[PDB]
>>> print(open('start25.tsv').read())   # TSV, C-alpha atoms
chain	number	residue	atom	x	y	z
W	125	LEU	CA	192.96	-1.36	163.09
W	126	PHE	CA	196.54	-2.63	162.90
W	127	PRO	CA	198.50	-3.51	159.72
W	128	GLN	CA	198.89	-7.01	158.29
W	129	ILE	CA	202.62	-7.01	159.01
W	130	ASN	CA	201.79	-6.78	162.71
W	131	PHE	CA	202.50	-10.48	163.27
W	132	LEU	CA	205.88	-10.48	161.55
W	133	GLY	CA	206.58	-7.05	163.03
W	134	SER	CA	205.95	-8.22	166.59
W	135	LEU	CA	208.28	-11.13	165.84
W	136	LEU	CA	211.31	-8.85	165.56
W	137	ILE	CA	210.41	-7.01	168.76
W	138	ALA	CA	209.40	-10.13	170.68
W	139	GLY	CA	212.75	-11.57	169.64
W	140	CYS	CA	214.46	-9.27	172.14
W	141	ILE	CA	212.02	-10.24	174.89
W	142	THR	CA	212.60	-13.93	174.19
W	143	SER	CA	216.40	-13.90	174.33
W	144	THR	CA	216.21	-17.70	174.40
W	145	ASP	CA	214.06	-19.65	171.96
W	146	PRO	CA	210.41	-20.60	171.24
W	147	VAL	CA	208.47	-22.46	173.94
W	148	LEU	CA	208.58	-25.54	171.71
W	149	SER	CA	212.35	-25.82	172.06
W	150	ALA	CA	211.78	-26.35	175.78
W	151	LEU	CA	209.67	-29.41	174.96
W	152	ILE	CA	212.41	-31.01	172.87
W	153	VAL	CA	215.01	-30.12	175.50
W	154	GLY	CA	218.73	-30.29	174.76
>>> encode(input="start25.tsv", output="structure tokens")
Amino acid sequence: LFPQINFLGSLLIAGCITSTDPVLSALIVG
């Protein structure tokens, strides 16, 4: 099994993949 810090851990990595911002930000739009 994976650790409990997997969620927060994937957040740091996913951050690079994102580059922009959460999908929610797209809903609010500039």
>>> atom_distance(input="start25.tsv", atom1="atom CA of residue W:148", atom2="atom CA of residue W:131")
18.3 Å
>>> atom_distance(input="start25.tsv", atom1="atom CA of residue W:141", atom2="atom CA of residue W:129")
18.7 Å
>>> atom_distance(input="start25.tsv", atom1="atom CA of residue W:132", atom2="atom CA of residue W:147")
17.4 Å
>>> decode(input="start25.tsv", residues="stretch 128-140 of chain W", atoms="N, CA, C and O atoms", output="tab-separated table (two decimals), in the first residue's frame")
chain	number	residue	atom	x	y	z
W	128	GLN	N	0.27	7.69	3.76
W	128	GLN	CA	-0.85	8.60	3.94
W	128	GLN	C	-0.53	9.97	3.34
W	128	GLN	O	-1.44	10.73	2.99
W	129	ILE	N	0.76	10.28	3.23
W	129	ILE	CA	1.18	11.56	2.67
W	129	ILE	C	1.24	11.48	1.15
W	129	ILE	O	1.89	12.30	0.50
W	130	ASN	N	0.55	10.49	0.58
W	130	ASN	CA	0.53	10.32	-0.87
W	130	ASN	C	-0.23	11.46	-1.53
W	130	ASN	O	0.19	11.98	-2.57
W	131	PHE	N	-1.35	11.85	-0.93
W	131	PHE	CA	-2.16	12.93	-1.48
W	131	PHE	C	-1.36	14.23	-1.52
W	131	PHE	O	-1.18	14.83	-2.59
W	132	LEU	N	-0.87	14.66	-0.36
W	132	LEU	CA	-0.09	15.89	-0.28
W	132	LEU	C	1.19	15.77	-1.11
W	132	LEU	O	1.65	16.75	-1.70
W	133	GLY	N	1.75	14.57	-1.14
W	133	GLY	CA	2.98	14.33	-1.90
W	133	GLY	C	2.74	14.52	-3.39
W	133	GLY	O	3.53	15.16	-4.08
W	134	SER	N	1.64	13.96	-3.89
W	134	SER	CA	1.31	14.08	-5.31
W	134	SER	C	0.98	15.52	-5.66
W	134	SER	O	1.03	15.91	-6.83
W	135	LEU	N	0.63	16.31	-4.65
W	135	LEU	CA	0.30	17.72	-4.87
W	135	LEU	C	1.52	18.49	-5.35
W	135	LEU	O	1.43	19.30	-6.28
W	136	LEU	N	2.66	18.24	-4.72
W	136	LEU	CA	3.90	18.92	-5.09
W	136	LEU	C	4.31	18.54	-6.51
W	136	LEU	O	4.69	19.40	-7.30
W	137	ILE	N	4.23	17.25	-6.82
W	137	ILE	CA	4.60	16.77	-8.14
W	137	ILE	C	3.60	17.27	-9.19
W	137	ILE	O	3.99	17.83	-10.21
W	138	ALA	N	2.32	17.06	-8.92
W	138	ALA	CA	1.28	17.49	-9.84
W	138	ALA	C	1.40	18.99	-10.12
W	138	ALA	O	1.03	19.46	-11.20
W	139	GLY	N	1.91	19.73	-9.15
W	139	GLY	CA	2.07	21.17	-9.30
W	139	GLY	C	2.83	21.50	-10.58
W	139	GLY	O	2.46	22.43	-11.31
W	140	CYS	N	3.88	20.74	-10.86
W	140	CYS	CA	4.68	20.96	-12.06
W	140	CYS	C	3.85	20.67	-13.31
W	140	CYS	O	3.92	21.41	-14.29
